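Contents: one structure, followed by commentary.
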Amino acid sequence: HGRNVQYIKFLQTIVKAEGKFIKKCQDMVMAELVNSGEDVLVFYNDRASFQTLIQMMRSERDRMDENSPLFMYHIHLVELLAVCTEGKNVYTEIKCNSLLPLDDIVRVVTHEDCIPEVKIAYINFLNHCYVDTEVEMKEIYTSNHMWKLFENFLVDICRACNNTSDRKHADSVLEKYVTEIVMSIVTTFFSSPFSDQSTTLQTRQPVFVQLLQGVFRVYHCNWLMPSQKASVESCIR
């Protein structure tokens, strides 16, 4: 019938209630995505997804007529497969990594021009596979490979951090980007340099800059408090 951007926001409403996430429904919606095969896939490899997304957001704003192009806004509302096993509802994460984006090899491919809109949902997939809370298999590539994304996107966060009272999605991106910081502490193994010369300067000084912008923001104080803890928690890492 066609992949509807208007429709695909249903797939989290029926399964995922607020607060509570049941295990059986997630199991029976995970297997059908692999079984059907021709669902709304995020794989729009580098030649395709680059020029579509940069022209979708920059040329038109305010949702671009409810962001219903059928090719670029489809990924945005495809969070079901990204938040399918986000918190702890991961009966089998191998399927989500093999049949779906790995979150450490396919994420980088589209990272040439970082799009915060994709990152929020795509970053949630990184949280989905990285670790539910502990069960993720200990893979050096999962953490060592993902330890360079922050540096690549750290400049982007800093670049938009200096802009004050000029955007609305910055708070959401900062609020949505702090969720990963609150997850498992940064690794301190042979890899994952453990706040070395190139891993501490860009992880502590820049963090305060984002915290300073949030403190100066006129938004609610509910989200401002977590930012200080996020930087504080990272500092004590």
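Worth a mention:
- Cα gyration tensor shape of the stretch 152-192, rounded if a/c is under 1.5, else prolate or oblate by comparing a/b with b/c: oblate
- Hull-based mean projected area of the stretch 1-82, where the convex hull spans the alpha carbons, in square nanometres: 6.6
- A cut-off under 15 angstrom between Cβ atoms defines the neighbours of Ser191, and their net charge, with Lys, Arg +1 and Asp, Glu -1, is -2.
- Each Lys or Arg adds one and each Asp or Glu takes one away; over the other residues whose Cβ falls under 11 Å from the Cβ of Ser143, this sums to -1.
- Tally of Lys pairs whose C-alpha atoms are under 13 Å apart, taken over the stretch 7-143, 8 or more apart or cross-chain: 5
- Shown here for the stretch 16-88: chymotrypsin sites (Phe, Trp or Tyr not before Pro) in loop regions (DSSP other than H, G, I, E, B) with at most 15 other Cβ atoms within 10 Å, namely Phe43, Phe71.
- Among residues other than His111 with Cβ under 12 Å from its Cβ, the summed charge is -4 (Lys and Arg +1, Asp and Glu -1).
- Remark: the stretch 90-106, residue by residue, has Karplus-estimated 3J(HN,Hα) of 10, 6, 8, 7, 4, 4, 5, 8, 7, 6, 10, x, 5, 6, 9, 10, 7 Hz, where x stands for each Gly or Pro and the curve is 6.51 cos²θ - 1.76 cosθ + 1.60 at θ = phi - 60°.
- Paramagnetic label zone (point 7 Å from Cα along Cα-to-C-beta, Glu66; backbone N under 17 Å) in the stretch 1-17: 2-11
- Span from the the stretch 167-200 Cα centroid across to the the stretch 93-119 one, whole angstrom: 17
- Scaling against 2.2 N^0.38 Å puts the C-alpha radius of gyration of the stretch 189-237 at 1.32.
- Spin-label model, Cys114/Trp223: points 7 Å from Cα along the beta carbon direction are separated by 1.8 nm.
- Prolate/oblate/rounded call for the stretch 1-158, Cα gyration tensor, a/c under 1.5 rounded: oblate
- Among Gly19, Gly214, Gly37: highest mean-square fluctuation, GNM of the chain, C-alpha pairs under 10 Å: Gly19
As a convention, Cβ positions derive from the backbone with ideal geometry for all residues, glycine included, and neighbour counts pool all protein chains shown. FYI, it's all coordinate maths here, none of it is from the lab.
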